[PDB]
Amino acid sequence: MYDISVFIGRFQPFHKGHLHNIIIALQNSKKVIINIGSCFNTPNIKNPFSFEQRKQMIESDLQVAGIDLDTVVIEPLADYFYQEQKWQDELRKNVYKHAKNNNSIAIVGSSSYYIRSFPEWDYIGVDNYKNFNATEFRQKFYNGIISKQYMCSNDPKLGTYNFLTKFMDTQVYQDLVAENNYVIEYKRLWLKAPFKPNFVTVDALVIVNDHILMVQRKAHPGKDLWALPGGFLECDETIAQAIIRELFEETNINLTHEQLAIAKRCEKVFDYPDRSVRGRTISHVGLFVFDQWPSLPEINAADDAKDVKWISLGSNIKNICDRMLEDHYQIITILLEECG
């Protein structure tokens, strides 16, 4: 009937619930565009696999009962938690790429967001079976258990099953297990709270001669990832004070607090509920700009930073965009745009 079905998911991992929904869409349309959300990030516990691995996983799963691969296309989406129009444009870009000859288009499926966001397209609704829970799957996986009832295949050499089986031997699997054990122990310790906690953190975006100051993380979450210098707000300091305290603790930047105060452009809040794996963490980020300086200030890593670097804007920043903590690539992008 439709020329095109639009299908959006995380696929962390791809399962039978996904295969049956694609199948409903392929008997309602001639071609499916599968849009994988949350790409171009480093692996974390909620997002273990890359775009390429998930794309592969999907293809080799579809290639087993049935399915014509000529009727299927796969495109990536980045996260834009604070700039939803960008996300919308990017999805529209992915679709216009495959449907620009007045093709008939429907979104197969956050059912209300897609209905509000995309009036141009029809919404094919799908209620599934027993709740295929991606968290439950992943938590058993970091415990050594692939749940074969989720798997498209039954053969451990076929599909996601084979990918998941082999993945358990990788270094990335270990890192993720380590991160997950950290978070379980961290979350446990906080069940004491009379009320579920919001964490308040601070970060500093410091630009000197078109370089951004970044820290490589010594500890979980995001161990060995690059990040803005920052950490927890303390009960006795203002946000503005915490921003500078963490900056100096982690990087020992050779600037005075007065200089940084003159260089300060703004402070923004980042409050996407799932930005961090510890629990709900709101970050206040200060932007500091030195259009020019005789040189890059001296920096020395300390505390939870195992390294610190001045990294130039443009290509060098883009090249570590998938080696950064949490939403820090978005934060950098936003603050330089609007503050700026």
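One rule holds for the numbers: they count along the sequence shown, beginning at 1.
The segment from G109 to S110 is interrupted, since 4 to 9 residues of the deposited sequence in that interval carry no coordinates. Once the C-alpha B-factors are averaged per stretch, 302-310 and 24-32 rank with 24-32 first. Judged by mean Cα B factor in the deposited record, 150-158 ranks above the other of 150-158 and 201-209. Across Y82, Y186, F232, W121, the entry's maximum B-factor at the CA atom is seen for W121.
Comparing C-alpha B-factors across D291, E52, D61, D271 in the deposited entry, the largest value falls on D61. The entry lists a Cα temperature factor for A263 that places it in the lowest third of the chain's modelled residues. Among all modelled residues in this chain, the alpha-carbon of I282 has a temperature factor (C-alpha) in the lowest third. Per the deposited record, the Cα B-factor of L176 falls in the middle third when ranked against the other modelled residues of its chain. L191 sits in the highest third of its chain by CA B factor, as recorded in the PDB entry. Placement of the Cα temperature factor of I331 within the chain: lowest third of the modelled residues, per the deposited record.
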